[PDB]
Structures are given as structure tokens and as C-alpha cells.
Protein chains: 2
Amino acid sequence: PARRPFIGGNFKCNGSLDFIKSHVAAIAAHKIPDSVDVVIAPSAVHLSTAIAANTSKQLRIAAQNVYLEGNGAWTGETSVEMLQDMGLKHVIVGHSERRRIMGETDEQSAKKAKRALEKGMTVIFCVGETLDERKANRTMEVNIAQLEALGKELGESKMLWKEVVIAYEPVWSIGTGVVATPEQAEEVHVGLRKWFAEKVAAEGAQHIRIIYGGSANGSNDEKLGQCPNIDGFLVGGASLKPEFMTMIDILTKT
Amino acid sequence: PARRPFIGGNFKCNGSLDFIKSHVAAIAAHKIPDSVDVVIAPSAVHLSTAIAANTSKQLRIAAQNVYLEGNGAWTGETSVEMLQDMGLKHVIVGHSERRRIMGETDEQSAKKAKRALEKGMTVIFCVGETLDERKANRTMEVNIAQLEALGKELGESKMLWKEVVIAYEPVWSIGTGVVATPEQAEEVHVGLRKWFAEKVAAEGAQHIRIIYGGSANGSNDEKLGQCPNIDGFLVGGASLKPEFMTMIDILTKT
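Residues numbered from 1 in each chain as written, not as in the entry; some residues may be left out. Chains lettered and ligands numbered in written order. Heavy atoms only, no water.

> Kindly report on the overall build of chain A, identifying the contributing residues and their values.
A tally of helices and strands in chain A yields 10 helices and eight strands. For chain A, the proportion of its 254 residues judged to be buried stands at 58%. When contacts within chain A are restricted to residue pairs at least 6 apart in sequence, those whose partners lie at least 24 apart make up 70%. Total accessible area computed for chain A in this model is approximately 10100 Å², and 50% of it derives from carbon and sulfur atoms. Chain A carries 29 positive and 31 negative side-chain charges, and their two centres are separated by 2 Å. (Helix = DSSP H or I, 4+ residues; strand = E, 2+ residues; numbered from the N terminus. Buried < 20%, exposed > 50% of the residue type's maximum accessible area, 1.4 Å probe, protein only. Contact = heavy atoms within 4.5 Å. Areas by Shrake-Rupley, 256 points an atom, 1.4 Å probe, with all protein chains shown as cover. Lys, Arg positive; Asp, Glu negative; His and termini not counted. Charge placed at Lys NZ, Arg CZ, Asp CG, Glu CD.)

Written out as C-alpha cells, the structure reads:
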């Protein structure tokens, strides 16, 4: 049973018009196969610019964040319809930064993802646990509660999980001084697909994509691809460098 | 003690690319004097596009929000550096929608204005109280507090107030169509300028631009402008309508 390899690029709060132009062009030129999905998430101010630079059939732009309200009195916010009007398919939801740093609740992350999913978008729905929580031993407790909020919000319409790519962020290895082992990452991915099968759809638990946003590198990734329940990567800082193309290359070979 | 009149328009989380082009060009095609400061805030997604539609030499584009950190791991967050790279001089800060709905603290809003102010942006700082607060009679107290948090962050560099525009938006007034009588609108501006001379500076107070926000509209706008301490308007709903251009004519004539 094969799921489709999927790699995301998260630029976060990085870039200028020129860097978008030069970087997007860089990735676009890299030969991208059709067995693989490649997405990059530029900052909102750069969506229009990145999209002009994308001369690629294969690659597509995503957005880092969106709101749980349609167009309205929501200053400082983007809506799904603004995204779709610009021709965007993918958006990132639940990133650790917005959850952990910016006070974004599981409900807001789940409410946000559902809304987008209703309208046909693919959501990179991001979940992960911090070191305190790993140490508590609630690795599963924390991730599943993040996931369960999505199950609850999607609810009856479980068709929507189809457009969800799970992103596991090993937040506890982000300069905690602790790095992840491919074993530890895989163990989590197995544990999550187990939840989805057991509590959503056993049939569709083999079709969902779960990617490892966990300090994946040019190396230590050829290993990570090998992990069977790891379906690809959500790169962060490295998505701003040419290392990113190489990471793409690995996914294909693996 | 003459203040240069300032009218700002907030699209809020509204717009389509096509809409943005057409409207921005309808505004640019309007005769704007060198006497009045005009600024419009489209969504971050539409910033590039709005700047391209803008053929005016007086009109400026603004941002409805900015983050309090710089470039880096703030997924879903825009930075002043991104803004200035795009050629933006104005950003909106401390809007009741984000304050009263999304949980932006007073200091969160204060640290955003300061950082954007340090890098020489002209900040549209928003203050305002809820229907309750006004009834509890806590108007000046609330407006002062939101205003104080900026003082605290600014601290020694008090001149960063020079490029501050203050928008008092009654919380009750906004959207509910119910609005502030000129007697009322003016009442608040005196207290706020009272605060500024009192707490900040007595020469700079003469020059700080306090603009009135909320349900501003034709006919009504007219007396509102005549109020000698109301230096302009922050428009939401009508900024989207051809009405906005009319509003600028009134502001100047006044």
C-alpha cells in the first residue's frame, strides 16, 4: 500500500520580493517528478509574487495560515476565499508557532482546517508535542487531542480527512538540545495512523499522509524516507535554501 | 496648531484581486490634495496587487496588522521588514477586532507599534471601549490604558509618537450602525489629547493626529469633521464603497 509522497516548504516570516523571485525560480527549475507532491508556503505578502515566479506545472504555492471566518470584520486576517480566488489549494493549519507561541487553541486550529476542507482545499494540519509533554509521557495524549479536535469538528463529514495531510512536528527537539531518532519519529507516525484507523476509518488510515517536520536534513532523511509510516517532510528553515531541492530528490529515491 | 488631516480606509478581511485592482484604481483616479493624508489597508494577500493598481502620487497602501517579532519562526506572521521591503510606510495597530476578538493584549499591541515606529513607520494606533465600559463610565480609563501601554513600551524615546496616528473607534458604534454623535466623538478626543499633553508632551500634543473611527458616513461625517479635535476618519464598511472618495472631499473642504 502506497500513499503519495508529499513535501512542504515553510518559509515562515522570511523573504523579500527578490528572494521570493530568486528562490521560487530556483525550486521551479529543479526537475520535479509527478509521483511526488511539492508545496511551499510563502508569507502572505509574497503569495502573489511567488505565484508569478512559479513557472512549474508540478510545484504549487501554499499559505501558512488562514482564518475560521469568511470575508468580514476580521482585520489582520485572510480567508479561504481570498486564498482560493488567488488559485491556492494548500494552506498550513495548527503550526506549533501559532499554537504554542501565539495562543491558538486546538479548536481554532480544527475549526480553521474544517472550513478550508469544506471548500476543497488540502490542509497541512500540524500537530506535535513539546519536551515537557514528551517528558510527562503524554506524547500520544497531546497529539491525539490536537487530532481529536479535528475529528470532532469535521465530525460526520469524514470525507474531508481525505484532503488532510498530517504534519508531525517534533517540537521537543527544536533546540531543546535533544534531536529526534528516525525510530522515535516513525514510532509516532505509527501511533498516529493507529489512532486514525481505530477512531476514524480503518480503510482510510492507510490512505492518509503523515509527514515528519522533525529536523530532517540532507542526511538522516534517506533513513527517514525508509521509515514506512513517514510519508514525507514539512521542512522549515531549510525550505529557504537549495538544500530543499536535495530533500525533494531524496523523497523520490526513497 | 494645525494638524494635517488624515483619512484611512480599512478593507478588513475583504476583497478579491479583481475587486482590489478596480477599486484601488477608482480611488487613484480621484483627485486627492496634498493637504490630506490618504491610506488604504487591503489584506496582506492583496498588498502587492494593490500597490500595482496604485498610480496615485498621494494615495498610500497600508497594512491591517504587523507582528511584534522580526523575520524567522513566526509562521503566519508578517514583519515590518517585509512591509518596508514592499514600500509600505503605514501599518494599522491595536484594532478592536484583534483586541476584543482575537486576544491581542494591550502590550502585544504596544510592542508592535514601537517596533514598527522604531523603523520609522507611521502607525495607525487604535484605541476604544465596549458599550459596557462606557456605561461603567470607564471610557477615559480604558482608552488611557491602551494608550498607556504604548507609553510604557516607548518609554524614553517618546518622540516615536510623532509618527503615531490615534484612531478612537467606539466598540459599540462599529458595525452596529449606531454611531457617536459629534458631541460624543469630540468629547473623547479632548480627553485623549488631554492625556497626551498631560502625560507625554504639551507641544507634541498640538500635532498628534487623532482620527475618529466607526460607522463614519456621508452627512454624518460632515459635522464629525467640523469637530476641532477630530483630525480624520478610519473607515471600514464604506472604504469598500465609492463613498470613500466622497468622504475625502468632505475631509479636505472642512
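> Would you mind going over helix α1 (residues 17–28) of chain B in detail, with residue names and values included?
Its 12 residues give α1(B) an end-to-end C-alpha distance of 16 Å, which sits within 8% of 16 Å, the value for a rise of 1.5 Å per residue. Taken as a whole, α1(B) has its buried residues at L17(B), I20(B), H23(B), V24(B), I27(B) and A28(B). Viewed end-on, α1(B) has its buried residues packed into an arc of 140 degrees, placing them on one side of the element. Packed against the buried residues of α1(B) are α2 (47–53) and α3 (80–85) of chain A together with β2 (37–41), α2 (47–53), β3 (59–63) and α10 (243–253) of chain B. (Expected span 1.5 Å × (residues − 1). Arc of directions from axis to C-beta.)

> Describe in detail the interface of chain A and chain B, supporting the description with residues and values.
In this assembly, 35 residues from chain A lie in contact with 35 residues from chain B. Summed over both sides, the interface of chain A with chain B buries roughly 2900 Å², with 60% coming from carbon and sulfur. Our count for the chain A to chain B interface comes out at two salt bridges. Linking chain A with chain B are 21 residue pairs in polar contact. Here the side of chain A that touches chain B is composed, by residue class, of 13 nonpolar, 17 polar and five charged. (Buried area = accessible area lost by both parts, 1.4 Å probe. Salt bridge = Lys/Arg side-chain N within 4 Å of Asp/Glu carboxyl O. Polar contact = N/O pair within 3.5 Å; in protein donor to acceptor, adjacent residues only side chain to side chain. Nonpolar A, V, L, I, M, F, W, Y, C, P; charged D, E, K, R; others polar.)

> Explain the environment of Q146(A) to me, and be specific about the residues and the numbers.
Residues and elements named next belong to chain A. Locating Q146 in the fold gives a position in helix α7 (residues 139–154). Residue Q146 is classed as buried on the basis of its relative accessible area, which comes to 3%. Measuring from C-alpha to C-alpha, the distance between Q146 and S109 comes to 8.3 Å, with 37 residues separating the pair along the chain. Once you skip the residues sitting within four places of it in the chain, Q146 turns out to touch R99, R100, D106, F125, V127 and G128. Within the structure, the side chain of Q146 is placed 3.0 Å from the side chain of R99, a separation counted as a polar contact. Within the local environment of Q146, its side chain forms a polar contact with the backbone nitrogen of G128, the two atoms lying 2.7 Å apart.

> Which residues make up helix α7 (residues 139–154) of chain B, and what are the values?
All names here are of chain B. For α7, which comprises 16 residues, the first-to-last C-alpha distance of 23 Å matches the rise-based estimate of 22 Å (1.5 Å per residue) to within 8%. Within the sequence span of α7, burial applies to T139, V142, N143, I144, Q146, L147, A149, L150, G151, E153 and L154. Considering only its buried residues, α7 is in contact with α4 (96–102), α5 (106–118), β5 (122–127), α6 (131–136), β6 (164–168) and α8 (182–199). Just past α7, the residue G155 takes up positive phi, approximately 55 degrees.

> Describe the relation of the copies chain A and chain B, and please don't skip the residues or the numbers.
Least-squares fitting of chain A to chain B yields an RMSD of 0.9 Å, with the superposition described by an axial translation of 0.0 Å and a rotation of 180 degrees. The operation mapping one copy onto its partner corresponds to a two-fold rotation axis. Taken as a fraction of all interface residues of chain A, those also at the interface in chain B reach 97%, which identifies the copy contact as same-surface. (Least-squares fit on C-alpha atoms.)

> Explain the UniProt feature "active site" in chain A to me, using residue names and the numbers behind them.
Residues and elements named next belong to chain A. Here the UniProt feature "active site" sits at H95 and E169. Spanning 75 residues, the annotated positions come together in the fold, the maximum distance between their C-alpha atoms being 8.2 Å. Residue position: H95 is located in the loop between β4 (90–93) and α4 (96–101). On the basis of relative accessibility, which here comes to 4%, the residue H95 falls in the buried class. (UniProt positions renumbered as here; feature names shortened; annotations may be inferred.)

> Run through the nonpolar core, naming residues and quoting values.
Within the largest apolar cluster, 71 residues are counted, with the highest numbers of intra-cluster contacts made by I7(A), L83(A), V91(A), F125(A) and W161(A). In this structure, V91(A) is in contact with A62(A), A63(A), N65(A), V66(A), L83(A), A116(A), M121(A), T122(A), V123(A) and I124(A), ignoring residues within four places of it in sequence. One finds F11(B), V24(B), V235(B) and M247(B) within the second-largest nonpolar core, a separate group that totals 66 residues. (Core = buried A, V, L, I, M, F, W, Y, C linked by side-chain atoms within 4.5 Å.)

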